[PDB]
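Protein chains in written order, with our numbering: chain A, 1 to 25; chain B, 101 to 125; chain C, 201 to 225; chain D, 301 to 325.
No residue lacks a Cβ here, since even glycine has one placed at the ideal position from N, Cα and C.
Okay, structure first, notes after.
If you want it as structure tokens, here you go:
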């Protein structure tokens, strides 16, 4: 389990990419 | 652990930014 | 806790909005 | 519960779609 939460935390990137997209607009 | 879920909840922002992107289109 | 996972599941929407964005492009 | 984390892991796609969006810009 503490494992599955670690793999979920593997979301920061999603954020980063959203920011990048905004920059692209 | 209750900790790792707190850091995952640190997603609301992802939503917000998506909405912002839509506004940019 | 089972609670914090319920609030995390409150991501489907993120998907939906991404799809919508694509449609906007 | 290990179940709710499995359904949360059902985020990889979110990533993929973001990448696709970038490609669309």
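The beta-carbon of residue 22 of chain A is placed less than 8 Å from the nearest beta-carbon of chain B.
Listed along chain C is no residue with a C-beta nearer than 8 Å to that of residue 315 of chain D; the closest approach is about 10 Å. Counting along the chain, residue 114 of chain B sits inside the alpha helix (DSSP H) bounded by residues 112-124. At a Cβ-Cβ threshold of 8 Å, residue 222 of chain C and residue 324 of chain D count as neighbours. The CB of residue 307 of chain D never comes closer than 9 Å to any CB in chain A; the least such distance is about 11 Å.
A straight line joining the alpha-carbon of residue 315 of chain D with that of residue 201 of chain C spans about 26 Å. Non-local beta-carbon contacts of residue 3 of chain A in its own chain, meaning distances under 7 Å to residues more than five positions away in sequence, are absent.
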